[PDB]
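One structure below.
None of the figures in this text is laboratory data; all of them are computed from the coordinates on show. Ideal geometry is used to build each Cβ from the backbone, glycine not excepted, and the neighbour counts take in all protein chains shown.
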Amino acid sequence: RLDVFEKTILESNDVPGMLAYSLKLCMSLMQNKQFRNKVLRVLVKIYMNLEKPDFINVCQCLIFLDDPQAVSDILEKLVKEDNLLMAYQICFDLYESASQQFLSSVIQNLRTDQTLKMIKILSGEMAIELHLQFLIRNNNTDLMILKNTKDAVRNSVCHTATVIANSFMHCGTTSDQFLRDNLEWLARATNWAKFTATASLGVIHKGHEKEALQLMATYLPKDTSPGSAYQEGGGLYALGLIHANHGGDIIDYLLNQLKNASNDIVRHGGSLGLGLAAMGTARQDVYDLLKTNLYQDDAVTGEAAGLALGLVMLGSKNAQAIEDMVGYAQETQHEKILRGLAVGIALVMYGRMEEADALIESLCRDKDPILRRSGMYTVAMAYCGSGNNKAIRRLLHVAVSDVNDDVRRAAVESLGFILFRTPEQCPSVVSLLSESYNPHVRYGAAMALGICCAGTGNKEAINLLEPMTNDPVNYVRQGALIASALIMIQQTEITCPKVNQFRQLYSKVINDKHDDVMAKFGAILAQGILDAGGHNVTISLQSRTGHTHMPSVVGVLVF
Amino acid sequence: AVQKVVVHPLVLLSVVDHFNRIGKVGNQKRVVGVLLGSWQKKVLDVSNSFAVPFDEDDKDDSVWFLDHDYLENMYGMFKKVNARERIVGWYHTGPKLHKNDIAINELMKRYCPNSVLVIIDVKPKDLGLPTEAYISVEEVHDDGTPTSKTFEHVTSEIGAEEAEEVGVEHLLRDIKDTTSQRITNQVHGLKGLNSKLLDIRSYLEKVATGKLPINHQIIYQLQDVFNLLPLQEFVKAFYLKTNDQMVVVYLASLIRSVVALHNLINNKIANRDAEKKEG
Amino acid sequence: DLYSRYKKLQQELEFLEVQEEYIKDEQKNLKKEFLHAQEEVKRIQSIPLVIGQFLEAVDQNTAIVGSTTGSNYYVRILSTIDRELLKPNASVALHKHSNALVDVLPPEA
Amino acid sequence: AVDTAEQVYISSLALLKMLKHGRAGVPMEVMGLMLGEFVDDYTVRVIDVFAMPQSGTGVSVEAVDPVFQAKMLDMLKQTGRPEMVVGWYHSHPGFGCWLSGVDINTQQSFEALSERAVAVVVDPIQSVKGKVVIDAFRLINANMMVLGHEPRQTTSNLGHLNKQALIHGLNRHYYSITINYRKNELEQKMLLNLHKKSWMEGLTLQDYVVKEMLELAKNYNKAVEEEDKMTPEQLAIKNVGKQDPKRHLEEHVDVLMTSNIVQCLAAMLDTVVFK
Amino acid sequence: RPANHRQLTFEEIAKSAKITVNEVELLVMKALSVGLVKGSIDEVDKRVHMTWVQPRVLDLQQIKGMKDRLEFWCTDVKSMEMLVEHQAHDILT
Amino acid sequence: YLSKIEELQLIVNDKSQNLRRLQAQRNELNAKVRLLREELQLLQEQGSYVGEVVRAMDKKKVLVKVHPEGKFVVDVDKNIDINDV
Ligand SMILES: [Zn+2]
């Protein structure tokens, strides 16, 4: 109750920064949305009541209290008070940690020298291109591993995780090296190595926004000249890769490429690309043409429809996206189309934290482990952090008591999303989860170690994974591979002494030729994630600003 | 006269898929087809049968279509496959009946000397057992009018002639060998109770609007088997049960004290071992 | 901090108690599975028990055993058999194709 | 380029037909023609299977009977489903049930006649509950040797598929396809409803056997517990003498539980039902 | 009389059945030959015991007012089923 | 003191969490014994018999007295060395 609260924020002299760390500590013991926004909007106003104004308060209340008009008021204070140099917190946290839907609404509310730097902070391209400058200048390769993993290329991960490796190293190097060094290794292309051999250009060209079209001058949609549409569809997917979250007209131009009277041969990659491009912007036209993509009755573009429509309707609470995508779910005659629609209707409701309970109960009501798996993805996205036991009791019930291991796998992927905040207790619960009896859930426990403890300095997770790669199931050995790559991001040998052990050990187990290539399937990918950036970059599932970074969450859960 | 036949769920699945057929081809509602069987004895097997393309006109249920090329002709091709499961009867969906069932079964009576019609269930919602069989009967009355042939409840049960659950079991993915008693108890109770409710409502109808079958032929002897125990003063049975529960509690006491001692000794042994010999 | 540290003591005990709960229902589930296993232990078997004879054991519940068909074999045995009972060339009994020893019988012939 | 991670949408009823005919056919193998649909590429669907004439045949291709198929198809068109045959069915109830010679003849003699006509083999004798012994394969021919063969257009289907003496000695020409059962709830409902209702005392108002059973039960209980009771005499392993404790003290208690449990149950049901 | 005292004395028999004490035995042994009632008749107290009988033809007023036995049975065995299950309620398990 | 005693004692009640650690040990034992029971699918195919071997030789080969048959040089495994035979 705000009576003693108001007398003890209008109280007498201590450090006022008591209240500043008390913002995060009230947020640490917060249970509801009911006095969270109350305390959140009255501490910023008691900083407006104290004579010294504050900026960490608006840096936090823009991303927890979502007021696009109070930032317009103190941005008129940024134009009037004129100090851009104190303005950095609100300006580039508004660029950094803001929801893209809130970004569009806040550039709507804001525009009513900083006269144009008020638009230049919101576009915020300066950090993008000097980040790109870092991604071209810094490098540390290991090409001998690239050859001794290139020995086992197929229609497989090697053809994709070589470019994933030196493209997570280099998100936009704008330079060819795997195109340059060979063509016959590039000539193992069949529909997904074809899709990848034309999508990998935009894989290795993340960012670098203007030269997208004129760098894929070769990859306009009549300039491939191939006896197959995937070698021209993954290119427009690669345009969608480049045009992530900052389009302009090229969002509408991939939209028009889909609407240049072309059915399911351009859409092959271009629909994935378009949904990736207009992600969270809540458009109308992409929903209008993805309704006939939804009713294609062909899941090779229909899963692209479901996925891309969930992408363009991120956390929507639409009265027609939710209902008109759950409607097509039941009467379809496949269920990989239901994987597509599954992750789509998961992404359509993100972080609502009490709203989606009707949908979760309605979908876990049903009997389908794929549709209940959809419900577990959707409760991973509606709930992340809010362990109110509403999203734990029945979640854990269906997580570990159920009969089919795929919905159990999605539930142990949900655990890593609801347990980001305090990864201290997460070894004590996922080492318990380790004890599972079944292949998918052994692997899913490994994935819970991975996506839960991404940025941690845990050694017990490595201690878990070492018998998990001492396991006759080959892909739980790759679970150990990829999850340990996710424990060996961001950290060096001085952090834990198993880093270089596993670095040389993964090449050591790829020396064994008689292992499954499913056992070393993501071994090239474990090397690539093992140098994601080259330890230059890291995951952002919960940013240091205080607020979660939702397209990274999208990336990992669809990943 | 048949007390039971092998109700093999394979013919059940045939019935179900052809009910899906009659539902998806249009609006032909009452699933009706020919039941095939091999008369071993009063006992019989129903594992093979089929639906016949037939239609029933809305009025005059005595409307039917039994192609000889889809039955007699097929029978010869099926005769080279397996002569055992001979033409034995037929079936109909729809809960109570229609008017043609008797005429249909008597038409096919030439094929099987004891031909059967079966009220088949298209929606398993029953308290108990699905579709049952009704053979030709001559049961007119004490009046003894021209012999009615409304085929009486010729009891049977779900015969699983062979296991063949190599796949069937492989379909359940739900149950165990329930070492369940409570399930049986609630089912039995509520089923007796709803049955009795159907009874009392039927008899209130009998008093109110029920026909001459109000106490037709056995409803009074129905009440007589009720009159098996017509407080029933089971005092003989009371001290009988007193000694019975002497036995019951002797069992309980002795056996469960044995159980007590049993877990006690070795569970405590392992307990204390891992407890103090660990430190 | 009495209005922070002390309060923070519940920030994790809730999930603690939830998992302490779930260990019970999973005890239940694993018990179900173990009963399933014990069921599948001996339901196909012991009906067409072919007879050979033990000859020599190599490792745990695995032995080279003289046949009565024409080919001695080195097969595994049901481990629950008392390890001090596979010493004689007594009337062992196995499956036809699997030739998996189920138990040994003392008498014969 | 059908190189994929493929699928077959079986119909459990056809599985029932196969078990029905091979379970008690001649000791030899049986073979027939499918009735389904080449619905797609990366999967396929099956619905119907007819029984086959008894002509002396095998896995031979030339076992065709014209009038049989003609009348069968004409009746099916007169029946509900006039859908097209797309393959063939067969079994190997006799031997170790793998893709024998005439299979590696008929599968190509018909996969050109058909498009895929994936293998269908099953030996009912090899399992009743334990295994689901059945075989199914898409034949490969010597023409597809163009490129290194790893279809795997999706993974963990051919990945989970990674989990036969002469047929794994014949992986060439024999690559297996991921199979599955249909969404059978349409019947699975009536495949458990009628089952559970009957397999469990039907009416269930029957044993509600209760004395003669527990007489023998307790009668043998006094005779059974007195040997496991000799194990503590064998648990006389005082100083250092105990290997495995002969952990067989159980396997009687639970039975005793059930026994007196049911005793109390029936004691209840007496006063409950009787009035 | 639905009620008990099914070890009836011979008195109503010898009064309203126009029979004597020496002939109640023939009255029920001829009924043993008939076969609709087979009493275990007392002969130390001379009581004519009632066992199972062949009841009636029609009691339409009791076909309507058998509710005091039928609905009695229905709701009371139902209620005591609910009571047994309600005392063993949370071992639903 | 005033409102700072009870949750410390609640963390003390994580001896019940230690009880969960005990039941965790339990379900470990049970799950892995059941894994042992799962292993038994290996027991359905081949109790491979003892083939005699006159002697070893190179080319990864031996002279196996196939006991109810003749001698037929056949394949080996990749575990033991040639001299081991
Ligand atoms: Zn065959």
Taking amide H atoms as placed 1.01 Å from N in the peptide plane, list the residues 5 or more away in sequence, or in a different chain, whose amide H sits under 5 Å from that of A:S316.
A:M349, A:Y350
Rounded to two decimals, the Rg over Rh value of the stretch A:359-426 from Cα coordinates and the Kirkwood Rh reads 0.95
Give me the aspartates and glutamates in straight-line cross-link reach of B:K149: C-alpha distance below 14 Å, same-chain residues under 8 apart excluded.
B:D101, B:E106, B:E138, B:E139
Return, ordered by residue number, the residues of the stretch E:73-93 whose backbone nitrogen is under 14 Å from a label point located 7 Å along Cα→Cβ of B:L229.
E:73-74, E:76-78, E:80-81
Paramagnetic label zone (point 7 Å from Cα along Cα-to-C-beta, A:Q330; backbone N under 18 Å) in the stretch D:179-216:
D:183-189
Proximal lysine pairs in the stretch B:6-114, meaning Cα under 20 Å and 8 or more positions apart or interchain, come to 9
In degrees, nearest 10, range 0 to 90: what is the angle between the Cα axis of helix F:15-38 and the longest Cα principal axis of chain F?
20
Pairwise FRET efficiency - B:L197 versus D:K71, Cβ, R0 = 30 Å, nearest 0.05
0.05
In nm, what is the difference between 0.36 nm times the number of residues separating D:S127 and D:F38 and their Cα-Cα distance?
29.0 nm
What translational diffusion coefficient, in µm²/s and rounded to a whole number, does the Stokes-Einstein relation yield for the stretch B:210-261 at 25 °C and a viscosity of 0.890 mPa s, taking the hydrodynamic radius as the Kirkwood radius over Cα pairs?
167
Ignoring everything except DSSP H segments at least 4 long, calculate the 222 nm mean residue ellipticity for the protein assembly as shown; use -39,500 (n - 2.57) per segment, divide by total residues, nearest 500.
-14000 deg cm²/dmol
Using the Karplus equation 6.51 cos²θ - 1.76 cosθ + 1.60 (θ = phi - 60°), what ³J(HN,Hα) coupling, rounded to whole Hz, does each residue of the stretch A:255-272 give in order, writing x for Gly and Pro?
4, 5, 4, 5, 9, 8, 6, 10, 9, 6, 10, 6, 5, 2, x, x, 6, 3
State, to one decimal in nm², a quarter of the convex hull surface area for the C-alpha atoms of the stretch A:418-559, i.e. the direction-averaged projected area.
8.4
Cα gyration tensor category, rounded, prolate or oblate, for chain A with a/c compared to 1.5:
rounded
Expressed as a whole number of Å, what is the distance separating the alpha-carbon centroids of the stretch A:214-292 and the stretch D:28-59?
43
Rounded, prolate or oblate: which one fits the stretch B:106-202, using the alpha carbon gyration tensor with axes a ≥ b ≥ c (rounded when a/c is under 1.5, else prolate when a/b beats b/c, else oblate)?
oblate
So what's the gap between the Cα centers of the stretch E:20-93 and the stretch A:444-507, to the nearest angstrom?
77
Label B:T145 and C:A90 with points 7 Å out from Cα along Cα→Cβ: what is the distance between them in nm?
7.6
Please compute the contact order of the stretch A:134-198 in relative form: average sequence separation of alpha-carbon pairs under 8 Å and at least six residues apart, divided by the residue count, as a percent.
42
For the stretch D:140-275, what does the alpha-carbon gyration tensor say about shape, rounded, prolate or oblate, given a ≥ b ≥ c as the root eigenvalues, a/c under 1.5 as rounded, and a/b over b/c as prolate?
oblate
Over the C-alpha atoms of the stretch D:150-197, what are the Rg and the largest Cα-to-Cα span, Dmax, in Å?
17.2, 49
Amide H to amide H, which residues 5 or more places from B:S115 or on other chains are under 5 Å from it, using H placed in the peptide plane?
B:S136
Label point 7 Å beyond Cα of D:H168 along Cβ direction - residues of the stretch F:32-75 with amide nitrogen under 15 Å
F:41-48
Can you run phi through the Karplus equation (6.51, -1.76, 1.60; θ = phi - 60°) for the stretch B:142-159 and list ³J(HN,Hα) in whole Hz, with x for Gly and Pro?
4, 3, x, 5, x, 4, 6, 10, 5, 5, 6, 6, 8, 3, 6, 7, 6, x
Work out Dmax and Rg for the stretch B:161-279 from the C-alpha atoms and quote the Rg first, both in angstrom.
26.6, 86
Estimated FRET transfer efficiency when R0 is 35 angstrom, pair A:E361-F:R26 (beta carbons, to 0.05)
0.60
Applying the Karplus parametrisation 6.51 cos²θ - 1.76 cosθ + 1.60 with θ = phi - 60° to the phi angles of the stretch A:338-355, what ³J(HN,Hα) value in whole Hz is obtained for each residue in order, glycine and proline being reported as x?
6, 5, x, 4, 5, 5, x, 7, 6, 6, 5, 10, 10, x, 6, 6, 8, 7
Rounded tilt (10° steps) of C:13-41 against the dominant C-alpha axis of chain C
10
At a temperature of 37 °C and a viscosity of 0.692 mPa s, determine how fast the stretch D:59-143 diffuses translationally according to Stokes-Einstein, using the Kirkwood radius over alpha-carbon pairs as Rh; express D in µm²/s, rounded to the nearest whole number.
226
Can you give the relative contact order of the stretch A:444-546 as a percent, counting alpha carbon pairs under 8 Å and 6+ residues apart?
31
Run the reach check for E:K46 against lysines, Cα to Cα strictly under 29 Å, same-chain hits fewer than 8 apart removed. What comes back?
B:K236, B:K241, E:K15, E:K18, E:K30, E:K38
Dimensions in Å of the stretch A:1-143 - Rg and Dmax from alpha carbons
18.1, 66
Which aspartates and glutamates does A:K498 reach when only Cα atoms under 16 Å apart count, and residues fewer than 8 places away in its own chain are ignored?
A:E460, A:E466, A:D531
Quick one: which residues, 5 or more positions from C:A57 or on another chain, have an amide H under 5 Å from its amide H? H modelled 1.01 Å from N in the peptide plane, none for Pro or chain starts.
C:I64
So what's the convex hull volume per residue for the Cα atoms of the protein assembly as shown, in Å³?
290
Considering only C-alpha atoms, what is the centroid distance from the stretch B:59-100 to the stretch A:106-166, in Å?
72
Taking the stretch A:317-437 as the region of interest, what is the percent of Cα-Cα pairs per 10 angstrom bin, listed from the shortest bin to the one with the maximum distance?
14, 47, 30, 8, 1
With Cβ to Cβ distances under 11 Å as the rule, what net charge do the other residues near A:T292 carry (K, R +1; D, E -1)?
0
